[PDB]
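As written, the chains take the letters A, B, C and D, and residue 1 is the first residue of each chain.
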Amino acid sequence: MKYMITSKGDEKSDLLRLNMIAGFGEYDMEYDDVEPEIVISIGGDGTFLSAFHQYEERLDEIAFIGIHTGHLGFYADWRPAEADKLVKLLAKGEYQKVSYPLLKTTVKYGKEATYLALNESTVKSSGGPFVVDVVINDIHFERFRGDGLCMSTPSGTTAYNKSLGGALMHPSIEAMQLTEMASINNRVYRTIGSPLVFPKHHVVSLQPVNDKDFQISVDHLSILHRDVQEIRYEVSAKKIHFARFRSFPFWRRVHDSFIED
Amino acid sequence: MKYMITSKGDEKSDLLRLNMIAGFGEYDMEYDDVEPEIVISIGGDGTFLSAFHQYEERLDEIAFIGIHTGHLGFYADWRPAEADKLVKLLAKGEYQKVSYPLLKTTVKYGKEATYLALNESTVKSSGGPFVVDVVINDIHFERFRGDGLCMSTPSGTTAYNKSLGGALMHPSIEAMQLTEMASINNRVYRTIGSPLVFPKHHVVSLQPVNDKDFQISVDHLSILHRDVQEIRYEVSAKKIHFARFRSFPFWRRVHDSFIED
Amino acid sequence: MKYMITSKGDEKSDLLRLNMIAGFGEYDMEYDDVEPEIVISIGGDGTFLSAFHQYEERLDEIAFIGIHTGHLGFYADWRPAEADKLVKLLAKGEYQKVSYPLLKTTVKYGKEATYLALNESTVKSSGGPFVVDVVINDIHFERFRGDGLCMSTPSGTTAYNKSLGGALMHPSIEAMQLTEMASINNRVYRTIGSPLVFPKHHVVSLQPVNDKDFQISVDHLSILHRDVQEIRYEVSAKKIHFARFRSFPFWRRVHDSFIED
Amino acid sequence: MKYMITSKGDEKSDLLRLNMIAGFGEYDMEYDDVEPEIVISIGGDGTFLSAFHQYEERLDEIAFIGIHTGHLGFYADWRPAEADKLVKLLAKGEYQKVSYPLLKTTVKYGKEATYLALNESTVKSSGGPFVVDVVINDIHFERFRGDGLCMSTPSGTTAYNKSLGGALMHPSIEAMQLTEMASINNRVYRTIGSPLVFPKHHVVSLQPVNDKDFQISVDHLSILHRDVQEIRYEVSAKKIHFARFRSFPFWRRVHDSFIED
């Protein structure tokens, strides 16, 4: 089919990319970075996130693969020594696909912008204090004062979410998880403290109390948003598709990354 | 239908129980605590847990209701002033039902015993140090040394799980959550630290390293188990059914219990 | 003596300030905001922090007092109804003094700047990733990757330090406490995780790994520092002095703020 | 002087003990396990704790030394290869001493018993729920409901205290630290959550609310206490003395145990 290969850009990843292109040339495979059906990412999870966001308008028509030239990643979970076997099996194309849930962020002004996250979307304040009202399915839940908030996909839970004390959830669960960053708690301000796990179709809305300027991040991309009226989180109806060429279970991947390999 | 009412046993709950029995007598309703189809619990969440476990062999044929005579409970979530309206609507019996997931614990010896938890099942050691091997779907995940482990249902997450830093998950999610109690972590022992959220059909197995005697709890019931070979956790195929007579959303119930009411 | 009164600036605090000035006029007391010996702060703990920093060059010659016109503060811990009794006892001037430790921050470039904190000093990155080497008394302790770090005085421990999971320490202890903000931990990056409590004369040094631009905060003041070579923390030899006019124990103040009042 | 050597009891530690006794025989040193002035512990930190408690009535007249035959301990912090150099320098006896603070626990009935802890003293319930009133210097601070409480010395902070989220404090600080085990927090029960660090002469008292039977631990020793009226914690006036034969800083010891060695 049509395929493309993105590279981290160091010698190791560029040379592996050139060798995989050469290997693909021995098959009925066309290099096309406009309408690829296979997107191979060579580098780390950061390289993989840029690949996902490069092609997030054609998610339904792409199977993603990650190769880690450094340490094992959660998306770049195949070693460079398997690249030749990868080329072979991608060429035949009878592999299977597994799908992970994604997070949809909607930002409203006083106008609207939507974003897909593969790891998480976070909200912080633009210098001053961060106060927002947290609304769950039109129900006012809490007034949060602190550093900010983080909404994670399931596969995002091993990333920023983990550093904030959130739970790791198996990515077959269609959910999103909200974690707090340094919440103020006394007898004036009061937050739940615990991470919150939301199913599909639940809508978490963040509403400004005073200042309406926020620094909003989506995966690696962080930009200052002004005149914000509302930030809405929900599990996306879209999903990322991976080419499956072996059994590498999520919990083993968690074990290899955090316990021992 | 056939119904029964369990009471916490103080004056307040016994008198409310007698008044509801009197109210039920005005309808085609029979009191039967052997094969009830409606089990009303009057007291707190602890009273409700005993009601669930009193009838856990007829879960498929029972709708549960809880009335809190003290503070709002997560299962006893209706006020005594609504008891008359409750009798009325339970008598007609066109109410709807909502189902929550349950946790199945299997304990193997060198023989087998199974238990259903509505909140959680926990494992601790019988005096000495607690060391177990944690196996996830036949994959050795970690060697845990510490005080113990807790496996929570979704509706259990607001209970012991919350005090251990676990996430609160909406009970429409068919999952279980594993949290650590005081894990030892250095460059000898190593655990994941984070709460772990498991979907249906995943099996978490705890296996003894040295001592094989453990104190195992299931909801309020804690008993010493000897000659234990394995403890297995999975989401039960069984579910608890509640009679639904109003909209009291889980997240509002979380808000009213932990934030403000 | 010479005194001055700073005000939060709302009606309530300005009017209390004018009334205390009037009351002071009945005694041998001179208003002087250049060389005061008594600095009264009317507002909240934030107003008190500005008062401290307004006069941090004459700390050895000033006794501070805080009045809270809103909720109880940890530095503004006297109610407005006691202002008349405060004027009386400050005028006679046989009150006693209690001293709290302070935190000295040194920032070195490639030049040097020093700062005193009453609550804490925090270090974060200027947009990009935050990586620093943590050196304790010339001993390399850890390579920290995460959101940032916070070094708190004892009286600062109830503030930002508390939201980061740090311990509350009685301010009679001459120490400083280092807490992490969202540290990355796997088998590549490794931090201690726990808050660290340091005695007098211990020096904690933060050293850049790659990027040398940091956002450094000292109490309420946060400024971007460029070309930073080192950030050094140690317990200051200077101390803040409070006028003591009653017994309001620190632990009771903790109780009233976080448990119940 | 008079010395004695305790051993973990495995081959490795017994043989090292016999060799050190032989080496000591070449000097004016007498083996005496009744009134030793030097107590050498060979094994791990657990062996060292038994040595301390074996001789806790002669703490003022003993310098302790620990040798780790397994992994580095915080009290057993010298390697077996240094045992010959240890014998030499202990024999001459111009070494220096460093002292660590200790924790005094008082248990009152309806009679009194006192205990010294080198690591920590913990309180849990005897099966049923654990509810105690926490009193700080005769001031009621909180009503704690949960699994239990832990009061740690400074050198104890790297042990159980660390697993409960407490801070690590340098043992030159004369203090004790109170950490919670799985506290219940809602709008009925309310605890501070944060670890609490107390200076010398502060007294923390635990008082029963209903049940008066508790499982109290002091270092490795845990015994059921009945008819308990009060548990009192304070920094001991006694101190443990170590023979100092090299520079092995506490923070480096923390680094080697938890970060890398």
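The definition used in the following text is that a residue touches a chain if its C-beta (ideal position, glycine included) is under 8 Å from a C-beta of that chain, and two chains touch if they have at least 3 such contacts.
The chain lineup, named per UniProt: A, B, C, D = NAD kinase 1.
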Both-way neighbours, i.e. chains that touch chain C and touch chain B: A, D
Between chain C and chain D, centroid-to-centroid distance (C-alpha), Å: 33
For chain A paired with chain D, centre-to-centre distance based on mean C-alpha positions, whole Å: 46
Geometric centre distance via CA averages, chain D-chain B, whole Å: 38
Where chain B touches two or more other chains at once, by residue number: 258, 260
Chains touching one another, given as label pairs in label order: A-B, A-C, B-D, C-D
Chain A-touching residues of chain C, taken from the complex the two chains share: 71, 127, 146-147, 160, 163-164, 181-188, 222, 257-258, 260-261
Residue ranges of chain A touching chain B (in the complex, touch as defined): 136-137, 139, 141-142, 162, 165-170, 172-173, 175, 177, 190-192, 194-199, 202, 249, 251-252, 254-255, 258-260
